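Reading through the structure tokens given below for one structure.
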Amino acid sequence: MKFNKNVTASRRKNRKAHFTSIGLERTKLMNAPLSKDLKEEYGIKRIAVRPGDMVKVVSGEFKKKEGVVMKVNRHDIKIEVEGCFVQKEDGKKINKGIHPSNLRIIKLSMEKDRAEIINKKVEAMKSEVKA
Amino acid sequence: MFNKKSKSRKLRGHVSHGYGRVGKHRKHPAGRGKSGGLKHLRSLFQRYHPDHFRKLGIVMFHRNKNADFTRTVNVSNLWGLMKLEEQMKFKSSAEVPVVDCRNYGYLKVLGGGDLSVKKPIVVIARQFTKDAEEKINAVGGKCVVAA
Amino acid sequence: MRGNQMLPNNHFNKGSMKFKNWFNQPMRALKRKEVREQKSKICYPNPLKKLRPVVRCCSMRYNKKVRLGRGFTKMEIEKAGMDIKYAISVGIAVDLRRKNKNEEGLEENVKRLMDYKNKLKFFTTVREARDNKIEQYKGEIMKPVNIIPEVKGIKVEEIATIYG
Amino acid sequence: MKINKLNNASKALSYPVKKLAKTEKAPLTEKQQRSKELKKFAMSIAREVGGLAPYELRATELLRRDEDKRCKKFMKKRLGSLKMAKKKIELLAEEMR
RNA sequence: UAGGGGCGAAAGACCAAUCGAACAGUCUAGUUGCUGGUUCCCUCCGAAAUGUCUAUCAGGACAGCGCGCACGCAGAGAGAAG
RNA sequence: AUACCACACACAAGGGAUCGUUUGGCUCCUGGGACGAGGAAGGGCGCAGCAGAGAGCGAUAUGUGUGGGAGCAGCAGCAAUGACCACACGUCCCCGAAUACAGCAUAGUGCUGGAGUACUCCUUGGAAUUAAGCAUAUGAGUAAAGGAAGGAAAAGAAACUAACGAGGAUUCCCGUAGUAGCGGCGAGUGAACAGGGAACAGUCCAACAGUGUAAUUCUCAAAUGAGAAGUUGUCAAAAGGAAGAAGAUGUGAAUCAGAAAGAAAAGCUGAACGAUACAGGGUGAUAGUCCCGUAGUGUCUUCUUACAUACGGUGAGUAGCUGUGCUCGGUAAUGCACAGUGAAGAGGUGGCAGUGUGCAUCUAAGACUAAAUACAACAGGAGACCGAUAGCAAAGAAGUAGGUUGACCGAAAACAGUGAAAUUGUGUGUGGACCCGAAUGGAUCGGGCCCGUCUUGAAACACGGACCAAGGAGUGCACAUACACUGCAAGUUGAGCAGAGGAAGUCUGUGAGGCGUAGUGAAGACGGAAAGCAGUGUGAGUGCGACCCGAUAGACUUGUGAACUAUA
Ligand SMILES: [K+]
Ligand SMILES: [K+]
Ligand SMILES: [K+]
Ligand SMILES: [K+]
Ligand SMILES: [K+]
Ligand SMILES: [K+]
Ligand SMILES: [K+]
Ligand SMILES: [K+]
Ligand SMILES: [K+]
Ligand SMILES: [K+]
Ligand SMILES: [K+]
Ligand SMILES: [K+]
Ligand SMILES: [K+]
Ligand SMILES: [K+]
Ligand SMILES: [K+]
Ligand SMILES: [K+]
Ligand SMILES: [K+]
Ligand SMILES: [K+]
Ligand SMILES: [K+]
Ligand SMILES: [K+]
Ligand SMILES: [K+]
Ligand SMILES: [K+]
Ligand SMILES: [K+]
Ligand SMILES: [K+]
Ligand SMILES: [K+]
Ligand SMILES: [K+]
Ligand SMILES: [K+]
Ligand SMILES: [K+]
Ligand SMILES: [K+]
Ligand SMILES: [K+]
Ligand SMILES: [K+]
Ligand SMILES: [K+]
Ligand SMILES: [K+]
Ligand SMILES: [K+]
Ligand SMILES: [K+]
Ligand SMILES: [Mg+2]
Ligand SMILES: [Mg+2]
Ligand SMILES: [Mg+2]
Ligand SMILES: [Mg+2]
Ligand SMILES: [Mg+2]
Ligand SMILES: [Mg+2]
Ligand SMILES: [Mg+2]
Ligand SMILES: [Mg+2]
Ligand SMILES: [Mg+2]
Ligand SMILES: [Mg+2]
Ligand SMILES: [Mg+2]
Ligand SMILES: [Mg+2]
Ligand SMILES: [Mg+2]
Ligand SMILES: [Mg+2]
Ligand SMILES: [Mg+2]
Ligand SMILES: [Mg+2]
Ligand SMILES: [Mg+2]
Ligand SMILES: [Mg+2]
Ligand SMILES: [Mg+2]
Ligand SMILES: [Mg+2]
Ligand SMILES: [Mg+2]
Ligand SMILES: [Mg+2]
Ligand SMILES: [Mg+2]
Ligand SMILES: [Mg+2]
């Protein structure tokens with residue numbers, strides 16, 4: 001049960017809040033679980049998927065496959081994974097997008113600011129965990 | 001019964017809704033309100049309301065209800081003001097009850113019926129009828145006038 | 001108009017007439033509760049309500065009933081040995097418009113003042129009361145009751161001499 | 001109807017209270033006396049400086065001829081109240097004497 | 001020069017296809033004893049177009065004739081005999 | 001009937017009903033109530049790499065600083081030398097109160113003007129309508145038109161009620177009461193004190209300021225001088241504080257596998273695990289453990305609020321009176337005005353005109369005041385509400401496309417689902433307008449005028465109806481009433497309001513009033529039969545749009561028109 005009356009439980013309001021999200025709230029939509037080993041290598045339980053990271057598909061047509069993230073579509077919430085595609089009548093191949101939550105991370109791309117992003121989150125935990 | 005279907009729901013499919021084909025249901029065939037009473041409605045007034053068209057009586061431009069409000073009790077009910085447990089004590093006991101009508105919001109005593117128990121009683125009130133006084137004195141009781 | 005009825009008299013002719021609904025009743029009740037609570041903290045050890053006199057009701061219809069009034073008179077306060085400035089400091093209400101015209105009415109209101117003075121307790125600071133765990137009084141102070149009395153009995157020899 | 005059951009005699013009864021006497025306020029202090037004196041004095045100076053008004057002249061003339069009832073009627077019509085007329089006649093009479 | 005106002009060699013003519021009182025918008029869902037319409041099934045009972053009063057005569061009300069619920073109960077839309 | 005006309009069935013056309021769905025509407029509650037000469041509200045014009053509309057922004061038309069951190073939706077190019085977002089600031093073209101102006105105050109600086117006006121205050125002031133006609137009266141001191149202010153506004157501490165054994169500012173709720181009364185005494189109108197509560201608070205000016213010295217306010221200088229206002233009278237004292245409330249934001253448990261089958265499992269089957277968290281939303285079908293939250297817990301930032309001096313009893317074109325007009329329930333004047341007339345220092349009132357006299361209660365003609373009460377724009381939360389002919393006019397570039405000379409007027413269009421009927425073509429069958437009864441291998445036999453509606457009377461030479469879908473008309477509230485059902489009963493009751501409670505529900509108090517416990521009279525006065533109260537519903541009367549649609553007309557505006565036509 002919910003006892004805070006400032007938070008809404010309306011279906012109409014929850015749905016609008018989802019689809020009209022922007023900025024950091026949009027980034028929260030692209031989160032995926034880490035594998036059991038990585039959850040010992042790092043403190044975090046889940047992270048936003050980025051290009052170059054390595055993922056196992058755990059639901060759908062392409063179940064059991066593994067591959068590298070090629071692109072991240074923020075407007076239509078989908079991820080393109082290397083080697084997951086369909087062939088047209090022409091023989092031409094189109095990558096099919098997968099929803100973030102159907103993936104699981106196997107190796108992290110550590111290019112750019114990723115190491116600082118991870119550090120910032122670990123500290124935020126401990127700050128309140130140790131109190 | 002606590003609930004029942006309405007008549008309007010049975011009249012679906014029947015043309016006139018029960019007002020007649022020749023007479024119909026028009027807006028105000030007889031006039032508005034209680035008007036017409038000396039004219040076309042004279043028969044309703046003379047049958048049910050004969051003392052309507054008149055002026056009568058003495059006039060005071062302001063009256064006060066609190067100064068005139070009163071409530072009346074009969075002698076046959078005096079013993080009834082006491083609780084039933086109390087009644088049953090004073091019936092056998094050697095003592096005389098002292099009843100004050102002011103305490104129950106009664107101010108005038110009337111002479112109706114006979115006293116419930118034929119033993120003495122003291123009655124306090126603002127006014128007594130002549131019959132009431134005679135009945136209370138008959139049993140050796142006493143009437144006390146008070147404000 | 002047909003049949004037998006009490007003749008109508010329903011006053012709905014005026015087109016400018018306003019309607020007032022009461023859908024807010026439970027919510028406004030909750031607000032009044034929450035305002036009293038917070039007001040009670042601001043003056044923690046002290047009661048929220050002041051002490052008031054007992055007066056007799058107005059007409060012939062209500063003579064025999066007693067009620068709370070607005071404030072004590074300068075004469076009542078003085079007779080009980082207090083001064084007006086002190087009475088205010090201790091939570092007694094004052095009304096300088098009222099007059100005294102009876103012996104009885106004066107004597108009763110003096111008793112209230114002396115009773116109240118006796119039941120009080122004084123503190124140096126708020127923290128002292130907090131540490132003693134004093135629980136603040138709620139509602140009106142020393143309200144009248146006006147119950148119905150009980151039937152008295154009397155011996156036959158007395159009847160001639162007292163008349164109830 | 002729970003109205004008009006008692007007679008007027010019994011409605012006139014009353015409970016026997018014990019009364020308190022009224023505190024008389026007759027003493028008037030020194031400073032209050034001088035205050036009243038100065039006000040009455042000031043009223044003299046105005047009358048001395050500016051004199052009587054037209055209807056006051058006409059009124060006083062009638063008093064010399066003993067036209068008492070004419071003066072009464074005249075003053076009633078000027079001031080409105082029969083009480084004010086009775087007072088103003090007495091003040092005018094005293095002024096002439 | 002503008003609406004109970006204009007303008008008229010006068011026809012009640014003309015004042016934005018509108019004039020014996022313009023247009024726009026509101027009061028206003030103005031009023032109607034008058035015309036039109038008024039949405040499912042089966043079962044049981046079943047009328048009136050007459051009298052009195054009405055600024056009443058295409059309308060009302062009161063009484064008379066229907067139906068529902070029914071306290072109760074020796075009666076009858078027919079004959080004899082005085 | 002070879003080919004025309006009709007009907008039935010299958011296939012193809014034609015249209016958009018039905019069912020499934022919804023980032024919209026509506027209603028109630030809570031917060032908020034924030035504009036302008038420092039140029040507003042509203043109008044116009046410019047700004048993109050390819051750019052019409054709309055959104056955003058001003059020639060700085062994506063600049064600066066802080067907190068974050070991954071892409072910029074198409075094509076070409078950009079980006080850890082910071083893509084994109086959030087908070088504040090800087091810049092901010094022309095018209096518009098539009099002002100190089102008008103009126104006005106101070107020693108001086110200045111202030112007003114326009115916008116908005118649901119709610120509050122002050123003026124001015126209708127008619128339709130009801131009376132079965134209509135003129136007084138009603139609708140109504142309402143609509144319309146003007147002036148003005150704030151988050152509320154107005155009111156407010158008795159020249160007050162009352163006749164009790166009396167009370168004691170204003171406002172609001174329950175109530176007295178559809179009563180006392182007003183009224184072609186017709187239709188209809190219509191208050192006050194009490195009694196029970198919410199919230200509570202009182203004070204200022206004049207009359208009346210040190211005379212052994214205006215002690216008072218302001219300016220420049222200076223470290224103690226000059227000057228302005230003022231004797232037609234200036235000047236009557238404290239810092240100070242912790243509480244209370246609202247927001248923003250951090251953290252936050254626990255799952256794997258399988259036959260059959262499907263595009264896809266979260267379903268189904270077995271085995272586990274979390275819970276102070278099974279509110280709700282998202283994921284390719286119905287998820288506590290896949291993602292965002294929730295229960296529980298941390299931080300931080302704003303706002304609100306608090307001690308000093310001196311006094312009383314005469315505030316005038318006023319109160320009142322005569323005439324007059326409007327107004328109120330106010331009745332031989334309830335309130336407000338105008339003209340004549342016009343007080344006393346002592347006066348005003350006690351619901352019916354006058355005169356006298358005791359008694360009770362107050363102090364007008366100067367000012368300020370919290371709380372409890374009302375309601376748009378804008379924000380947040382809820383619902384026995386509506387579901388694209390509905391719900392706001394408007395679920396998309398809606399006050400838009402478009403229209404009036406003008407004031408003003410104003411639409412359609414959801415899913416690239418499903419895919420009804422009217423109506424059309426082709427094929428196959430059966431008939432010559434069709435229905436009811438009864439049949440043949442086969443000619444057919446018998447009965448039937450076109451429905452709805454007013455009417456004594458309709459197949460009518462009475463009216464409405466070409467065809468199909470969808471929408472489309474006895475409802476809600478107040479007041480008496482008769483019946484059926486329910487609890488208690490000489491009594492009865494969910495008045496408002498308080499106490500408890502993770503709460504618009506429920507439980508418990510305190511405690512009025514109303515009707516009943518018996519009637520008669522105009523009244524003084526008198527007294528002697530008959531179960532009631534409160535609900536849940538049904539039939540029926542009256543008032544409000546009042547079963548649905550429909551006049552010719554009447555009024556009101558600080559609204560518009562001489563581009564047609566008349567005359568100077
Ligand atoms: K009904
Ligand atoms: K009927
Ligand atoms: K009909
Ligand atoms: K009449
Ligand atoms: K409560
Ligand atoms: K001409
Ligand atoms: K013409
Ligand atoms: K006209
Ligand atoms: K008629
Ligand atoms: K029959
Ligand atoms: K007739
Ligand atoms: K009848
Ligand atoms: K203004
Ligand atoms: K009429
Ligand atoms: K009529
Ligand atoms: K109106
Ligand atoms: K105010
Ligand atoms: K004021
Ligand atoms: K009062
Ligand atoms: K009270
Ligand atoms: K979690
Ligand atoms: K699975
Ligand atoms: K998923
Ligand atoms: K005064
Ligand atoms: K005057
Ligand atoms: K005052
Ligand atoms: K529309
Ligand atoms: K347009
Ligand atoms: K469709
Ligand atoms: K289709
Ligand atoms: K017809
Ligand atoms: K014919
Ligand atoms: K016809
Ligand atoms: K009705
Ligand atoms: K109409
Ligand atoms: Mg009829
Ligand atoms: Mg007829
Ligand atoms: Mg009497
Ligand atoms: Mg008395
Ligand atoms: Mg006939
Ligand atoms: Mg007819
Ligand atoms: Mg007429
Ligand atoms: Mg009128
Ligand atoms: Mg009126
Ligand atoms: Mg208006
Ligand atoms: Mg003074
Ligand atoms: Mg689903
Ligand atoms: Mg009037
Ligand atoms: Mg009077
Ligand atoms: Mg639908
Ligand atoms: Mg629509
Ligand atoms: Mg045109
Ligand atoms: Mg005929
Ligand atoms: Mg036709
Ligand atoms: Mg339909
Ligand atoms: Mg009543
Ligand atoms: Mg009886
Ligand atoms: Mg209608
Ligand atoms: Mg007329």
Side-chain angles (χ1 to χ4, degrees), chain A residues 1-3 5-6 8-9 11-12 14-16 18-20 22-24 28-29 31 33 46 50 58 60-61 72 74-75 99-102 112-113 117 124-125 128 131, chain B residues 1-4 6-8 12-13 15-17 25-36 39-44 47 55-58 60-66 74 110-112 129, chain C residues 1-3 5-6 8-16 23-24 26-27 32 38 41-42 55-63 69-70 95 97-98 102 104-105 139, chain D residues 7 14-15 17 39 78-81 84 87-88:
Chain A
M1 254 298 186
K2 174 180 76 69
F3 301 112
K5 279 184 180 180
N6 306 142
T8 188
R11 182 175 207 258
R12 183 175 165 181
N14 280 281
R15 277 172 50 87
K16 189 175 161 169
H18 184 90
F19 295 116
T20 67
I22 50 149
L24 298 168
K28 292 186 190 184
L29 301 184
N31 272 281
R46 53 191 69 88
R50 275 190 175 173
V58 313
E61 281 185 38
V72 169
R74 287 180 113 231
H75 290 106
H99 182 261
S101 67
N102 298 342
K112 309 305 186 174
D113 65 344
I117 291 177
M125 294 170 188
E128 275 158 356
Chain B
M1 303 308 198
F2 293 138
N3 207 292
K4 186 182 189 189
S6 53
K7 185 184 162 181
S8 60
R12 285 282 177 237
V15 182
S16 294
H17 214 78
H25 192 202
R26 295 254 138 117
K27 296 204 87 66
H28 282 100
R32 284 207 185 189
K34 60 183 157 65
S35 67
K39 216 70 215 219
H40 64 284
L41 288 185
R42 187 168 201 144
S43 48
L44 193 74
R47 184 164 180 86
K55 202 191 264 198
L56 189 63
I58 301 174
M60 284 290 286
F61 293 115
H62 181 81
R63 283 173 152 125
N64 190 263
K65 196 183 169 162
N66 283 330
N74 286 109
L110 305 180
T129 76
Chain C
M1 184 168 76
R2 56 165 79 156
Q5 276 99 213
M6 184 189 285
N9 208 59
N10 288 298
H11 292 233
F12 287 84
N13 287 285
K14 212 171 281 205
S16 54
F23 307 128
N24 60 41
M27 308 308 290
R32 286 195 297 270
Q38 71 196 271
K41 295 184 189 174
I42 292 160
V55 298
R56 191 162 297 274
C57 297
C58 282
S59 62
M60 181 189 174
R61 180 150 70 142
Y62 299 112
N63 277 346
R70 171 181 185 91
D95 180 7
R97 239 169 316 203
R98 207 169 127 247
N102 276 325
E104 289 188 47
Chain D
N7 56 33
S14 279
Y15 184 97
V17 292
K39 286 176 181 155
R78 290 290 177 152
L79 297 178
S81 174
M84 288 156 67
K87 181 143 188 195
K88 274 287 286 199

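Proteins come first, then strands; the chains are lettered A, B, ... in the order of their sequence lines, and each starts at number 1. These numbers come from the heavy atoms of this one structure, side chains and all, not from hydrogens, waters or symmetry mates.
Here the CZ-NZ distance, from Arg78(D) to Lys88(D), works out to 12.5 Å after rounding to the nearest 0.5 Å. How far CG of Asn64(B) is from OG of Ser59(C): 7.0 Å, rounded to the nearest 0.5 Å. Rounding to the nearest 0.5 Å places CD of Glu128(A) at 11.0 Å from CE of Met125(A). In this structure, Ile22(A) CD1 and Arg74(A) CZ are separated by 10.0 Å, a value rounded to the nearest 0.5 Å. Rounding to the nearest 0.5 angstrom, the gap separating the CD1 atom in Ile117(A) from the CZ atom in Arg50(A) is 4.0 Å. Atom-to-atom distance recorded for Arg63(B):CZ and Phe61(B):CZ is 10.5 Å, nearest 0.5 angstrom.
Taking atom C1' on both nucleotides, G49(F) is separated from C78(F) by 12 Å, rounded to a whole Å. The gap from the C1' atom of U99(F) to that of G38(F) amounts to 16 Å, rounded to the nearest Å. Comparing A498(F) with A512(F), their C1' atoms are spaced 15 Å from each other, to the whole Å. Comparing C218(F) with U109(F), their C1' atoms are spaced 14 Å from each other, to the whole Å. Nucleotides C7(E) and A22(E) place their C1' atoms 14 Å apart, quoted to the nearest Å. Nucleotides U369(F) and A157(F), compared at atom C1', are 10 Å apart to the nearest Å. Between the P atoms of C515(F) and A480(F), the separation comes to 12 Å (whole Å). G406(F) and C386(F) are spaced 44 Å apart, taking the P atom of each and rounding to whole Å.
For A512(F) and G513(F), a centre-to-centre distance below 5.5 angstrom and a plane angle below 30 degrees are both found for the six-membered base rings. Under the rule of centres below 5.5 angstrom and planes below 30 degrees, the bases of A443(F) and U444(F) are not stacked. The six-membered base rings of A504(F) and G505(F) fail the test of centres under 5.5 Å apart and planes under 30 degrees, so these neighbours do not stack. Annotated as stacked: the bases of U52(E) and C53(E), by the 5.5 Å centre and 30° plane rule. Using a cut-off of 5.5 Å between ring centres and 30° between planes, the six-membered base rings of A530(F) and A531(F) fail to qualify as stacked.
For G280(F), neither phosphate oxygen OP1 nor OP2 lies less than 4.0 angstrom from any side-chain nitrogen or oxygen of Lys16(A).
Side-chain contact between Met1(C) and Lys34(B) is present, with at least one heavy-atom pair separated by less than 4.5 Å.
Residue-to-nucleotide contacts include no donor-acceptor pair under 3.5 Å from the side chain of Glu128(A) to the base of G252(F). Judged by distance alone, with hydrogens and angles left aside, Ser43(B) brings a side-chain donor or acceptor within reach of the base of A61(E), the pair sitting under 3.5 Å. Under 3.5 Å, the side chain of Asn102(A) and the base of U283(F) form no donor-acceptor pair of N or O atoms. A donor and an acceptor atom sit less than 3.5 Å apart, one in the side chain of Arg12(A) and one in the base of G25(F). Side-chain N/O atoms of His11(C) and base N/O atoms of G543(F) include no donor-acceptor pair closer than 3.5 Å.
Counting heavy atoms of neighbouring residues, nucleotides and ligands inside a 6.0 Å radius, atom NZ of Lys16(A) does not exceed 12 of them.
Groove engagement by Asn9(C): a side-chain heavy atom is found under 5.0 Å from a major-groove base atom, with no such approach on the minor-groove side.
Of the residues near RNA chain F, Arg32(C) and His28(B), the one whose nearest nucleotide (by heavy atom distance) lies more toward the 5' end is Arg32(C). RNA chain F is contacted by both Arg12(B) and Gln38(C); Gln38(C) maps to the nucleotide lying nearer its 5′ end (nearest heavy atom per residue). In terms of position along RNA chain E, the nucleotide closest to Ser16(B) lies nearer the 5' end than the nucleotide closest to the other residue of the pair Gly3(C) and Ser16(B).
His25(B) qualifies as a stacking partner of the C547(F) base, centre to centre under 5.5 Å and near-parallel within 30°. Aromatic stacking is marked for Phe61(B) over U331(F), as both cut-offs hold: 5.5 Å for the centres and 30° for the planes. Taking the 5.5 Å centre cut-off and the 30° plane limit, the aromatic side chain of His40(B) is classed as stacked on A132(F).
Counting any heavy atom pair closer than 4.0 Å across all strands shown, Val15(B) reaches a base atom. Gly15(C) comes within 4.0 angstrom of the backbone, heavy atoms only, and of no base. Within the 4.0 angstrom heavy-atom criterion, base atoms lie near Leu110(B). Using a 4.0 Å heavy-atom criterion, one finds that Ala30(B) contacts the bases of the nucleic acid, with or without backbone contacts as well. Looking at heavy-atom distances under 4.0 Å, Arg63(B) makes contact with sugar-phosphate atoms alone, never a base.
Distances from the side chain of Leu41(B) to the nucleotides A61(E), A478(F), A63(E) place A61(E) closest. Side-chain proximity of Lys4(B) to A157(F), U538(F), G543(F): nearest is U538(F). Candidate nucleotides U22(F), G165(F), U542(F) were compared by shortest atom distance to the side chain of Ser14(D), and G165(F) ranks first. When distances run from any side-chain atom of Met1(C) to the nucleotides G293(F), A344(F), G541(F), the shortest one goes to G541(F). You'll find that the side chain of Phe3(A) is closest to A295(F), out of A166(F), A343(F), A295(F). Closest approach to the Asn13(C) side chain among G167(F), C544(F), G282(F) is made by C544(F) (side chain taken as heavy atoms from C-beta onward). For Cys58(C), counting side-chain heavy atoms from C-beta on, the closest listed nucleotide (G59(E), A192(F), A194(F)) is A194(F). The side chain of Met27(C) sits closest to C29(F) out of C291(F), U251(F), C29(F). Side-chain proximity of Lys14(C) to the nucleotides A140(F), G514(F), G168(F) is greatest for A140(F). Taking only side-chain atoms of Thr129(B), from C-beta outward, the nucleotide of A61(E), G167(F), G527(F) with the closest atom is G527(F).
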Notebook entry, point to check: Along nucleotides 70-76 of chain F, 5' to 3', which nucleotides get a B, which get an S, and which get a -, given that the test is a protein heavy-atom distance under 4.0 Å?
Noted result: SSSB---

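For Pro26(C), there are no side chain to side chain contact (heavy atoms under 4.5 Å, CB included) partners, not counting sequence neighbours.
For RNA chain E, runs of at least 3 consecutive pairs of the Watson-Crick or G-U wobble type, with both hydrogen-bonding distances under 3.5 angstrom, map to E:24-27 with F:554-557, E:50-54 with E:59-63.
A donor atom on one side chain and an acceptor atom on the other are found under 3.5 Å apart for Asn66(B) and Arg61(C).
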